[PDB]
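Engineer: Before we start, here is the structure in question, set down as structure tokens.
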Ligand SMILES: [Cu+2]
Ligand SMILES: [Cu+2]
Ligand SMILES: [Zn+2]
Ligand SMILES: [Zn+2]
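Chains as they are written, first to last, in the entry's author numbering: chain A, 1 to 153; chain B, 1 to 153.
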């Protein structure tokens, strides 16, 4: 798996398409695409553990966290494998996503293929909210849109 | 990955949920669940190559076929890794799926996690339709509903 893709959908008007590319095995992973229907500003953005959409986005479960760490920001050291921090929405509620990250992988046992990607109601506080919940979801809030991450051409 | 799941959706009224379980590494894989909104009778049922739903189900691409074989039935020897043959709809258009298969896998390089599952308009003819198209799609027809296959709890 060099490439992947994911279509985000939800009950909301929120929706988008996000691509992944890992040119090198165990190298970094460019993540990019575009989401629309967001409130202007920051929104949390994570890979969650399961490709389950049985019961909407709640089925996805908690943040993908195979090394059992506390939640954090993507550049933080103590973080969930799935913690990609935030994405930023336009005036117009379009967020033009573009991220490199080398904690996640499309191969290996950090492989995120088959897991749900989720964009959230509010900003991820990157674990620095000082409340119980911040070291788990980053207080990112409810799950506005999501989709399973799949192997792309 | 012991278990997986996939939610089938489409433009049609067709929809359902399908589960997967592979108790042994490289063993067989129980596939079961239920789909509704079908025309009574047989309907083709395959894993296609890609977890792409960019442009509905067409983005999924051709049948998952990593050994470059000709299309067949699931118990046939010459078959696509993704050829699970058919599923059967009620009077009421509910199909109660239940299948063992050991060509597909949730691990290894027949891993189908991250690929689209698709249920089709007509019956898969298992390659025996004698026409060009029958050794590719089994003449199964258009793509009524589909979804990416993801890692389940
Ligand atoms: Cu999250
Ligand atoms: Cu097909
Ligand atoms: Zn997290
Ligand atoms: Zn086939």
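The beta carbon of each residue, even a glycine, is placed where N, CA and C say it ideally should be.
#1: Spell out whether any CB of chain A is found under 8 Å from the CB atom of residue 153 of chain B.
#2: Does the beta carbon of residue 82 of chain A fall short of 7 Å from some heavy atom of ligand 3?
#3: With a threshold of 7 Å, establish whether the CB of residue 120 of chain B neighbours any heavy atom of ligand 2.
#4: When you compare the CB of residue 52 of chain B with every CB in chain A, is at least one pair closer than 8 Å?
#5: Are residue 97 of chain A and residue 31 of chain A closer than 8 Å when you measure CB to CB?
#6: Report all residues from its chain with a CB closer than 7 Å to the CB of residue 51 of chain A; omit the five preceding and five following residues, and keep chain order.
#7: With DSSP collapsed to three states, give me the class of residue 133 of chain A.
#8: Is residue 140 of chain A near ligand 1 - that is, is its Cβ less than 7 Å away from at least one heavy atom of it?
#9: For the beta strand (DSSP E) containing residue 96 of chain B, list its first residue and its last residue.
#10: For the putative contact between residue 150 of chain A and residue 14 of chain A, defined by C-beta atoms under 8 Å, what is the C-beta separation to the nearest angstrom?
#11: Measure the CB-CB distance between residue 43 of chain B and residue 61 of chain B and report whether it falls below 8 Å.
#12: Would you verify that the beta carbon of residue 58 of chain A is, or is not, closer than 8 Å to some beta carbon of chain B?
#13: For ligand 2, is there any heavy atom lying closer than 7 Å to the beta carbon of residue 43 of chain B?
#14: In the DSSP assignment, the beta strand (DSSP E) including residue 30 of chain A goes from what residue to what residue?
#15: If you reduce the DSSP assignment to three classes, tell me which class residue 4 of chain B lands in.
#16: DSSP three-state call for residue 43 of chain A: helix, strand or coil?
#17: Less than 7 Å between the CB of residue 63 of chain A and some heavy atom of ligand 5, yes or no?
#18: Between residue 34 of chain A and residue 94 of chain A, what straight-line distance do the alpha-carbon atoms span, to the nearest angstrom?
#19: Quick check: is any heavy atom of ligand 4 less than 7 Å from the C-beta of residue 71 of chain A?
#20: With 16 other CB atoms within 10 Å as the buried threshold, where does residue 86 of chain B fall?
#21: Residue range of the beta strand (DSSP E) that residue 143 of chain A falls in?
#22: Taking the straight line between their C-alpha atoms, what separation do you get for residue 58 of chain A and residue 103 of chain A?
#23: Just verifying my parser: in three-state terms, what is the DSSP assignment at residue 172 of chain A?
#24: Sort out for me which residues DSSP pairs residue 112 of chain A with in a bridge.
#25: Using a C-beta to C-beta distance shorter than 7 Å, which residues of chain B count as neighbours of residue 113 of chain A?
Structural biologist: Inspection of the coordinates gives the following:
#1: Counted from its first residue, the second chain places residue 153 of chain B at position 153. Taking Cβ atoms only, chain A reaches closer than 8 Å to residue 153 of chain B, which makes this a yes.
#2: Numbered from its first residue, the first chain carries residue 82 of chain A at position 82. Flag set: Cβ of residue 82 of chain A near ligand 3.
#3: Walking along the second chain from the start, residue 120 of chain B turns up at place 120. For ligand 2, at least one heavy atom lies less than 7 Å from the Cβ of residue 120 of chain B.
#4: Residue 52 of chain B sits at position 52 when you count from the first residue of the second chain. Judged by the 8 Å Cβ criterion, residue 52 of chain B is in contact with chain A.
#5: Here residue 97 of chain A is taken as the residue at index 97 of the first chain, counted from 1. Here residue 31 of chain A is taken as the residue at index 31 of the first chain, counted from 1. Yes, they are a contact pair.
#6: As a first step, residue 51 of chain A must be located in the first chain, where it is residue number 51. For residue 51 of chain A, where only same-chain residues beyond five positions count, the Cβ hits under 7 Å are 114, 115, 116 and 148.
#7: Within the first chain, the letter at position 133 stands for residue 133 of chain A. Three-state DSSP puts residue 133 of chain A in a helix.
#8: The residue labelled residue 140 of chain A in the question sits at position 140 within the first chain. Residue 140 of chain A Cβ: within cutoff of ligand 1.
#9: Taking the first residue of the second chain as position 1, residue 96 of chain B is located at position 96. Its beta strand (DSSP E) spans residues 95–101.
#10: By 1-based counting over the first chain, the position of residue 150 of chain A is 150. By 1-based counting over the first chain, the position of residue 14 of chain A is 14. So it is not a contact: roughly 19 Å between Cβ atoms.
#11: Residue numbering aside, residue 43 of chain B sits at position 43 when the second chain is read from its first letter. Residue numbering aside, residue 61 of chain B sits at position 61 when the second chain is read from its first letter. Contact: no.
#12: Looking up residue 58 of chain A in the first chain gives position 58. No, because no Cβ of chain B sits closer than 8 Å to the Cβ of residue 58 of chain A.
#13: Start at 1 with the first residue of the second chain, and residue 43 of chain B comes out as number 43. No, the beta carbon of residue 43 of chain B sits no closer than 7 Å to any heavy atom of ligand 2.
#14: Counted from its first residue, the first chain places residue 30 of chain A at position 30. Where residue 30 of chain A is concerned, the enclosing beta strand (DSSP E) stretches over 29–36.
#15: Here the question's residue 4 of chain B lines up with position 4 in the second chain. Note: residue 4 of chain B maps to strand in three-state DSSP.
#16: The sequence position of residue 43 of chain A within the first chain is 43, counting from 1. Here residue 43 of chain A sits in strand by DSSP.
#17: With respect to small molecules bound, the structure shown includes ligand 1, ligand 2, ligand 3 and ligand 4 and not ligand 5.
#18: Numbered from its first residue, the first chain carries residue 34 of chain A at position 34. Numbered from its first residue, the first chain carries residue 94 of chain A at position 94. Answer to the nearest angstrom: the Cα atoms are 7 Å apart.
#19: The sequence position of residue 71 of chain A within the first chain is 71, counting from 1. Flag unset: Cβ of residue 71 of chain A not near ligand 4.
#20: Looking up residue 86 of chain B in the second chain gives position 86. Note on residue 86 of chain B: 16 or more other CB atoms within 10 angstroms of its CB, so buried under the neighbour-count rule.
#21: Start at 1 with the first residue of the first chain, and residue 143 of chain A comes out as number 143. Looking at the DSSP string, the run of the beta strand (DSSP E) that includes residue 143 of chain A is 143–148.
#22: Taking the first chain and counting its residues from 1, one reaches residue 58 of chain A at position 58. Taking the first chain and counting its residues from 1, one reaches residue 103 of chain A at position 103. When rounded, the distance between both Cα atoms is 24 Å.
#23: The structure shown has nothing for residue 172 of chain A, since chain A only spans 1 to 153.
#24: In the first chain, the residue the question calls residue 112 of chain A occupies position 112. Residue 112 of chain A is not bridged to any residue.
#25: Counting from one through the first chain, the residue named residue 113 of chain A turns up at place 113. Within chain B, the residues near residue 113 of chain A are 113 and 114.
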